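Right, one structure below, let's go through it.
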Amino acid sequence: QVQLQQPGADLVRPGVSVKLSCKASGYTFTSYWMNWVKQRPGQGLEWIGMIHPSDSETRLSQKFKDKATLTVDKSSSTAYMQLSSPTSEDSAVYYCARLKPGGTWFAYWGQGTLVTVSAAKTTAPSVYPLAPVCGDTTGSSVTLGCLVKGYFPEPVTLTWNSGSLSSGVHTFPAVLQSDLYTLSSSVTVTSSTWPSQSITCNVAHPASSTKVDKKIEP
Amino acid sequence: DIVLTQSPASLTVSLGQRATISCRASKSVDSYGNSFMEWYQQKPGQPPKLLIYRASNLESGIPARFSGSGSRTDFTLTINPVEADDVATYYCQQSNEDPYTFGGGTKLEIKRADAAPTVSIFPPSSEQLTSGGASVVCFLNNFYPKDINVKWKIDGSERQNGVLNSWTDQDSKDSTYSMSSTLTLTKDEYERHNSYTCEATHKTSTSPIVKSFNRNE
């Protein structure tokens with residue numbers, strides 16, 4: 001079954017060229033056209049160019065002529081794209097996608113590499129626990145939370161009880177202020193089961209090698 | 001170099017009803033009696049997912065609730081009936097002539113019965129009160145419609161700056177919205193005050209939902 005594999009994110013310094021990768025498997029890499037497409041955050045989609053791996057015949061958008069260079073290595077089944085002299089207009093998700101056999105349509109897609117072009121400094125989050133207010137419970141449910149404060153760049157991952165607690169969860173979009181991100185998560189559980197069942201947020205910020213499991217105490 | 005004009009830009013439909021999404025090419029996208037026009041579903045944090053190819057052909061794995069029609073320059077995506085899980089942005093894309101250009105997208109929201117928010121205020125953690133920074137957090141959870149007003153009070157008095165709001169995408173089962181509201185202050189400022197309030201005004205009631213705390217209670 002055909003797989004198209006791209007790294008999840010990349011932090012690139014302004015002006016320093018970066019090479020994205022798309023590893024193909026589950027079919028004959030040299031048989032089909034590979035396309036790349038740009039998607040700026042919260043925005044629409046733009047076609048960058050395509051390459052044919054058998055001989056590296058290429059067609060580029062005029063809009064990307066002096067920005068993208070497309071290559072492959074046949075022996076590794078890998079498509080690549082170089083973005084020259086990166087600016088903040090180059091921050092986006094970049095996807096690779098390949099065509100249907102005997103067709104012109106983009107049936108198979110990668111999961112996209114998130115590129116952030118920024119001079120700002122990589123920074124670890126703080127993980128703070130949001131335990132309920134003072135007093136006895138009078139409703140059928142309890143809401144607890146987790147605050148992830150002041151990290152850079154994106155992303156972080158957050159789970160509840162190793163991911164064994166997944167329903168009733170709201171993890172909110174990060175907010176960038178100055179050059180640091182902050183997000184929070186909430187979890188609702190039936191009030192009969194807390195504090196008798198312990199609740200823990202699991203937070204990872206892989207840019208800073210941060211892995212924290214914070215227990216919510218009453 | 002073909003422009004695709006997608007309409008409407010956003011659309012709210014009720015569960016069980018049909019959705020109609022359009023797309024118009026600046027020139028003909030046809031060759032030899034086929035139209036070189038695709039449709040995609042894109043859900044937050046995912047790649048676009050192919051629904052229809054060649055104007056009308058339903059991609060494998062895709063439910064027949066989705067259909068496409070049109071020729072030359074005018075094309076139509078219909079979804080019918082619309083289900084909870086159809087929250088997405090949908091995009092047309094021409095494959096007739098490169099650059100292989102996309103519509104601007106159509107955001108689909110679900111109409112559902114009005115629900116009131118569940119509100120929950122959180123004093124700054126002990127741990128954080130060690131930083132000389134303090135965050136008061138308030139969750140407004142699972143409400144409908146999306147339109148909500150939030151108000152912070154410190155010692156009875158309304159406060160404007162230092163407050164950041166963040167909203168989830170429409171939930172794909174219950175079709176509701178949720179929100180977080182954070183008030184950040186110095187530790188200094190936090191402790192010069194004794195009462196903190198998070199106040200929500202929403203469609204569902206004329207009186208606001210007030211949830212509050214007194215410091216060191």
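Following the order of the structure tokens, first chain is A, next is B, and so on, with residues numbered from 1 inside each chain and ligands from 1 in the order they appear.
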Give me the residues of chain A that have any atom at most 6 Å from an atom of chain B; for each, the nearest atom pair and the distance in Å, rounded to one decimal. Use only C-alpha atoms, sort by chain and number, and format it as a tab-separated table.
residue	atom	partner	partner_atom	distance
A:44	CA	B:104	CA	5.8
A:47	CA	B:100	CA	5.9
A:61	CA	B:99	CA	5.7
A:107	CA	B:50	CA	6.0
A:111	CA	B:47	CA	5.7
A:130	CA	B:122	CA	6.0
A:172	CA	B:168	CA	5.8
Within 12 Å of residue 178 of chain A using only C-alpha atoms, minus same-chain residues under 4 positions, as an mmCIF file with N, CA and C atoms, in the first residue's frame:
data_model
loop_
_atom_site.group_PDB
_atom_site.id
_atom_site.type_symbol
_atom_site.label_atom_id
_atom_site.label_comp_id
_atom_site.auth_asym_id
_atom_site.auth_seq_id
_atom_site.Cartn_x
_atom_site.Cartn_y
_atom_site.Cartn_z
ATOM 1 N N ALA A 120 14.230 33.539 15.940
ATOM 2 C CA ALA A 120 13.923 33.450 17.367
ATOM 3 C C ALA A 120 14.570 32.205 17.944
ATOM 4 N N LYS A 121 14.726 32.188 19.261
ATOM 5 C CA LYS A 121 15.484 31.166 19.982
ATOM 6 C C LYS A 121 14.612 29.987 20.414
ATOM 7 N N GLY A 150 5.068 29.307 27.110
ATOM 8 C CA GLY A 150 6.268 29.963 26.623
ATOM 9 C C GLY A 150 7.288 29.076 25.942
ATOM 10 N N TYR A 151 6.865 28.381 24.877
ATOM 11 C CA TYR A 151 7.757 27.534 24.076
ATOM 12 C C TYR A 151 7.879 28.013 22.608
ATOM 13 N N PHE A 152 8.968 27.587 21.958
ATOM 14 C CA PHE A 152 9.223 27.915 20.560
ATOM 15 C C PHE A 152 10.173 26.916 19.929
ATOM 16 N N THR A 182 1.970 29.765 23.706
ATOM 17 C CA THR A 182 1.279 29.225 24.893
ATOM 18 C C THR A 182 -0.040 28.545 24.488
#
Gap from atom CA of residue 210 of chain A to atom CA of residue 185 of chain B - Å, one decimal: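 Pair atom CA of residue 210 of chain A / atom CA of residue 185 of chain B returns 25.6 Å.
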Surrounding residues of segment 61-66 of chain B excluding itself and chain neighbours under 2 positions, 7 Å, only C-alpha atoms, as a ChimeraX atom specification: /B:51,58-59,78-81
Closest of B:189, B:199, B:1, B:174 to residue 97 of chain B - atom-to-atom distances counting only C-alpha atoms: B:1
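The space separating atom CA of residue 183 of chain A from atom CA of residue 89 of chain A comes to 24.4 Å.
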Selection near residue 181 of chain A, 10 Å with only C-alpha atoms, sequence-local residues under 2 positions removed, as a list in words: residues 123, 125, 148, 149, 150, 151, 152, 153, 154, 155, 156, 173, 174, 175, 176, 177, 178, 179 and 183 of chain A
Neighbour list for residue 172 of chain B as a VMD selection string, cut-off 7 Å, only C-alpha atoms, skip fewer than 6 positions in-chain: chain B and resid 84 to 85 87
